[PDB]
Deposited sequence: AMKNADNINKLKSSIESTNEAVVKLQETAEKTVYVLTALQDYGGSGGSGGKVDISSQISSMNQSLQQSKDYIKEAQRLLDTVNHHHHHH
């Protein structure tokens, strides 16, 4: 149960890293206002984040 929880939380942290990365890009775009390249970056980082949290929930349900 502990190893599981540990596994689930690890994926949760990955998801947070990705949103942070996404927030990072947002900061850059706000200043500006190559936004096109940043908007794409933001979207993919947000993609991985969403996959990451879905895996976290899925595993958590395993506990």
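Checklist entry - If you line up the deposited sequence with the model, which stretches have no C-alpha coordinates? => result Gaps in the modelled chain, taken against the deposited sequence, lie at 1-6, 40-52, 83-89.
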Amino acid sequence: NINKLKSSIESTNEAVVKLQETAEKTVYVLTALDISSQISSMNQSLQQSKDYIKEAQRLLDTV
From here on, numbers count along this sequence of modelled residues.
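Checklist entry - 14-22 versus 51-59: which one carries the higher mean Cα B factor per the record? => result Mean B over CA atoms: larger for 51-59.
Item to check | Where the record places residue 9 (Cα B-factor, split into thirds across the chain) | outcome: Its C-alpha B-factor, which the entry lists for residue 9, ranks in the highest third among residues of this chain.
Checklist entry - When the modelled residues of the chain are sorted by Cα temperature factor, does residue 41 land in the lowest, middle or highest third? => result As the PDB entry reports it, the C-alpha B-factor of residue 41 lands in the lowest third of its chain.
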